[PDB]
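Going down the list, the sequences are from chains Y, U, D and X.
Residue 169 in PDB author numbering is what sits at position 169 of the first sequence, and the numbering runs on without skipping anything.
Residue 129 in PDB author numbering is what sits at position 129 of the second sequence, and the numbering runs on without skipping anything.
Residue 70 in PDB author numbering is what sits at position 70 of the third sequence, and the numbering runs on without skipping anything.
Residue 86 in PDB author numbering is what sits at position 86 of the fourth sequence, and the numbering runs on without skipping anything.
Down below is the structure, laid out as structure tokens.
There are 4 protein chains.
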Amino acid sequence: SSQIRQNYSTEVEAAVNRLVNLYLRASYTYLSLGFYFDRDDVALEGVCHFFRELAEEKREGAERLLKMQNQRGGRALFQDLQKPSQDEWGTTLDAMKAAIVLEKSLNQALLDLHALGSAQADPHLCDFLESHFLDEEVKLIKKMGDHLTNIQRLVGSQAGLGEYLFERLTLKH
Amino acid sequence: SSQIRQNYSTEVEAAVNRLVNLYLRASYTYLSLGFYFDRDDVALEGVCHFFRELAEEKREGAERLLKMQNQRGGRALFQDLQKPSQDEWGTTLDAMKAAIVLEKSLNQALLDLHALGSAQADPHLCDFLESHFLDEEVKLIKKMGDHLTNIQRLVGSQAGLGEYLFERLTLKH
Amino acid sequence: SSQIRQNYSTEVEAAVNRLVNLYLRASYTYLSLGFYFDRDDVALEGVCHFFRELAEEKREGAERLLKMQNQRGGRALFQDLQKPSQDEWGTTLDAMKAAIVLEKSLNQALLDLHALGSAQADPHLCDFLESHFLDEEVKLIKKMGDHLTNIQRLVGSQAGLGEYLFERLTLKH
Amino acid sequence: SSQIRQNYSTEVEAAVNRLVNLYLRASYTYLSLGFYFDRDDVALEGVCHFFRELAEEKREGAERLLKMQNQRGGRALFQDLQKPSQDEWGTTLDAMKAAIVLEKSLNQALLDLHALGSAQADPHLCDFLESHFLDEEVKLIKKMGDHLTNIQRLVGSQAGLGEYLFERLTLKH
Ligand SMILES: [Cl-]
Ligand SMILES: [Cl-]
Ligand SMILES: [Cl-]
Ligand SMILES: [Cl-]
């Protein structure tokens, strides 16, 4: 059972498990995005690398949540992981827009869990999200927004040219 | 506009811009204090160095606020910067007293913004102030209070002697 | 008072204080330009870096003037710092044009102060501007003019593309 | 005779020789000041070191003038060197006051020679004074003024104590 659990509500425990699912879902989404941009008929290596990096980051966030769950004496519970929302992700612009939507959904789940922790007077939970999640998410969304802006300015008259140039001169390859 | 902004109130945005003004004001105050102690008819190099260091620190705090403003998708807005409150700053004691007053005003602005962020349920803002501002300010005010105490004990019967000795043996030169 | 002042007119003293204000103003302008290009909906990092570097350079020029003021036995006097002329700076081209205008105004203030120093037979002042300001300003204006030319040749038919390419391939990022 | 002399007036040549005399005079003054503070009944080593350093600097300035005289094709002419104005130099304060008076006299001779060079349209002479003399002199006078201020604040009620402390904690020993 638990010899250690203290000030750790069932509501937070359950919300943490749900959040783990959301992060692993997001990881799966990024895995799919990365392999889509690796297709020979898409072939945007920097875009592939960007999303594959994110798949790892999201899996790592899930692992951190699970470690914390055990540190507090809650019980990790896993649920089915739904497949990503698309099988093909369109253009780099389409993909970066979908990524921002995803990140905003993760961010809102972080904020909701912070609020629950505040309401439950669980400062460890609140601190944990503050120290390892909230700023990481703000920085990532800023990066994506910066990317989106640059992608959009490159569409101009020649979408292919702009998409190639963004991948070559902004993304790491 | 903003593709990224999330959970970032107009009230916090505005308060952040005001705080930037207060930090740049404080930087300007320290610049003036530093050059006053550099005057040939004042000539207290360690006191000059102390305040010039602070001018840099305050400018850096303003820059951090502005970076954060952009990370959250708010709009930096600059206003006129008023000149420091004095053209001549008296003795080291006078100056350190004015510095403490200034720091307490900055500290109270930090606390007020934290409270606003708490009321707006903006944990990123709250965390940001906690991680980069609140303790830095507490440590600085403790240092100033320590300095003030030492300056006051040196006034004794011979103010000039005490003012020279404090600058030589406490402040870095 | 001053035990050191020699051959240092009140007119030069006053003009030096005014020039300090103009440099700190210019620094503030560059600060605003830098954070504008950091906006997620602008997102031109090399342009942000270019102007943030300039903000530092202009603050440094003000500090050098103030140091000199004290070396000659004049009295630094600070005035209010007006806010930059715009809250949003348009395109890179708009910004570089505004920067050149600013630099030409600083250059003319340098030249006017040199002429005053010559008329007052103050060779130290004249030398000081020659050694630390005049050539620095000529080199900067040449750089800006070079930049302007390249930005203008890239507008062509596709302004977004050209603006991205200039930032990627000319400016440091 | 001179195969090289060009644009080098007899008036400047003569003024350069006079200036050499003034620098060697100043060197002699500093030599005397240094050995006075080395007396067993004065015994202020940092004050001795300060003035002995200056004796060397002034001799070096004379040597630079003489080198320049030959570079321009003028004729070095030496005159008698008068002895310093005092045989005993009083207190550190007395000495630093006498040093400032001396430096202001050297500075005025520099300025007068610059003005002569300007009137004779001799830009090499003007440049030479600007590059090697005028700022060196301004910096030295600022240093002396800073010293004077600190010495004066230490007189207070206990002149001996203050004189010892200045020598120990400001001057290099
Ligand atoms: Cl199941
Ligand atoms: Cl205004
Ligand atoms: Cl005012
Ligand atoms: Cl003779």
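Here a beta-carbon is modelled for each residue, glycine too, at the ideal position from N, C-alpha and C.
* Reducing DSSP to helix, strand and coil, say where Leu154 (chain Y) ends up. => In the three-state reduction of the DSSP assignment, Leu154 (chain Y) falls in the coil class, being assigned neither a helical nor a strand state.
* To do: Please confirm if the stretch 33-41 of chain X is in contact with the stretch 120-137 of chain X, defined as three or more CB-CB distances below 8 Å between the two stretches.
  => Cβ pair count under 8 Å is below three, so no.
* **Residue closest to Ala99 (chain D), alpha-carbon to alpha-carbon, out of D:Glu130, D:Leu154 and D:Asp146** => Out of D:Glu130, D:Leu154 and D:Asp146, D:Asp146 has the C-alpha closest to the C-alpha of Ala99 (chain D).
* **Validate contact between the stretch 45-59 of chain D and the stretch 5-15 of chain D using beta carbons, cut 8 Å, 3 pairs** => No, because fewer than three Cβ pairs between the stretch 45-59 of chain D and the stretch 5-15 of chain D fall closer than 8 Å, the two stretches do not touch.
* Asked: Shortest alpha-carbon distance to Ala62 (chain U) belongs to which of U:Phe35, U:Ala119, U:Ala76 and U:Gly156?
  -> When only C-alpha atoms are compared, the closest one is U:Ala76.
* Compute the Euclidean distance between the alpha carbons of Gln158 (chain U) and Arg153 (chain X), then round it to the nearest angstrom. => So the two alpha carbons sit approximately 9 Å from each other.
* To do: Report yes or no: is there a C-beta of chain Y within less than 7 Å of the C-beta of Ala43 (chain D)?
  => Between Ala43 (chain D) and chain Y, the shortest Cβ-Cβ separation is below 7 Å.
* Helix, strand or coil for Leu81 (chain D), going by three-state DSSP, please let me know. => In this structure, DSSP gives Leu81 (chain D) an extended state, which the three-state scheme calls strand.
* Euclidean distance between Cα positions of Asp127 (chain U) and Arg72 (chain U) -> About 13 Å.
* Contact under 7 Å by Cβ, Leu113 (chain D) with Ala15 (chain D) -> Yes, the pair counts as a contact, with Cβ atoms nearer than the cut-off.
* Taking only beta-carbon positions, decide if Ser9 (chain D) is within less than 7 Å of chain U. => By this cut-off, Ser9 (chain D) is not an interface position.
* To do: Could you tell me the distance, in whole angstroms, from the CA atom of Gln86 (chain U) to the CA atom of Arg25 (chain U)?
  => Going from the Cα of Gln86 (chain U) to the Cα of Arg25 (chain U) covers about 13 Å.
* With a Cβ-Cβ cutoff of 7 Å, do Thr10 (chain U) and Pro84 (chain U) count as a contact? -> No; because the gap between Cβ atoms is not below 7 Å, this pair is not in contact.
* **Contact list for the stretch 121-149 of chain U against chain Y, Cβ threshold 7 Å** => In summary, the residues of the stretch 121-149 of chain U whose CB is separated from some CB of chain Y by less than 7 Å are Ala121, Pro123, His124 and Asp127, in the order they occur in the chain.
* Asked: How should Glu163 (chain U) be labelled, buried or exposed, when 16 other C-beta atoms within 10 angstroms of its C-beta is the threshold for buried?
  -> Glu163 (chain U) should be labelled buried.
* Straight-line gap, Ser32 (chain U) to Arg59 (chain U) (C-alpha atoms, nearest Å) -> About 14 Å.
* **Best match in X:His173, X:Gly160 and X:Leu54 for proximity to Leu106 (chain X) [C-alpha to C-alpha]** => Per the Cα distances, X:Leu54.
* Boundaries of the alpha helix (DSSP H) in which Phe50 (chain Y) is found, first to last residue -> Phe50 (chain Y) -> alpha helix (DSSP H) spans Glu45 to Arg72.
* Asked: Going along the chain, which residues put their C-beta within less than 6 Å of some heavy atom in ligand 3?
  -> Those residues, listed in chain order, are U:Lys83 and D:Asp80.
* chain Y residues whose Cβ lies nearer than 7 Å to that of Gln71 (chain U) -> Neighbours of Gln71 (chain U) on chain Y, chain order: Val138, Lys139 and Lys142.
* To do: Determine the DSSP secondary structure at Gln108 (chain Y), reduced to helix, strand or coil.
  => The answer is helix: DSSP assigns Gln108 (chain Y) an H, G or I state.
* By DSSP, does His173 (chain D) sit in helix, in strand, or in coil? -> The answer is coil: DSSP assigns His173 (chain D) none of H, G, I, E or B.
* Select from U:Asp80, U:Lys104, U:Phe51 and U:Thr92 the residue whose C-alpha is nearest the C-alpha of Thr149 (chain U). => Checked all of U:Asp80, U:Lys104, U:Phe51 and U:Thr92; the closest Cα to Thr149 (chain U) is U:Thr92.
* To do: Assign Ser118 (chain D) to one of two classes, buried (16 or more other C-beta atoms within 10 Å of its C-beta) or exposed (fewer than that).
  => So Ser118 (chain D) counts as exposed.
* **Where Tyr8 (chain Y) falls: helix, strand or coil (DSSP)** => The three-state secondary structure of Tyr8 (chain Y), taken from DSSP, is coil.
* Buried/exposed call for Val12 (chain Y), threshold 16 Cβ in 10 Å -> Taking every protein chain shown into account, the CB of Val12 (chain Y) has 16 or more other CB atoms within 10 angstroms, so this residue is buried.
* Please classify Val20 (chain Y): is it buried, with 16 or more other beta-carbons within 10 angstroms of its beta-carbon, or exposed? => By the neighbour-count rule (16 or more Cβ atoms within 10 Å), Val20 (chain Y) is buried.
* Answer with yes or no whether the minimum CB distance from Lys58 (chain Y) to chain U is below 7 Å. => Using a CB distance cut-off of 7 Å, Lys58 (chain Y) does not count as an interface residue toward chain U.
* To do: Note the first and the last residue of the continuous alpha helix (DSSP H) segment covering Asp127 (chain Y).
  => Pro123 to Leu129 is the extent of the alpha helix (DSSP H) around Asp127 (chain Y).
* Cβ-based contacts, 9 Å cut-off: residues of the stretch 71-91 of chain U near chain D -> Answer in chain order: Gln71, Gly73, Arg75, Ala76, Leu77, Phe78, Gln79, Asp80, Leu81, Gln82, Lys83, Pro84, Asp87 and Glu88.
* **C-beta neighbour in chain U for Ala115 (chain Y), strict 7 Å** => Yes, contact with chain U.
* Figure out for me which residue from X:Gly74, X:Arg18, X:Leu81 and X:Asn70 has the closest Cα to the Cα of residue 195 (chain X). => Outside the modelled stretch of chain X, which goes from 1 to 173, sits residue 195 (chain X), for which no answer is possible.
* Asked: Going by the beta-carbon positions, is the gap between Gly34 (chain D) and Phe51 (chain D) smaller than 7 Å?
  -> Yes. Within cutoff.
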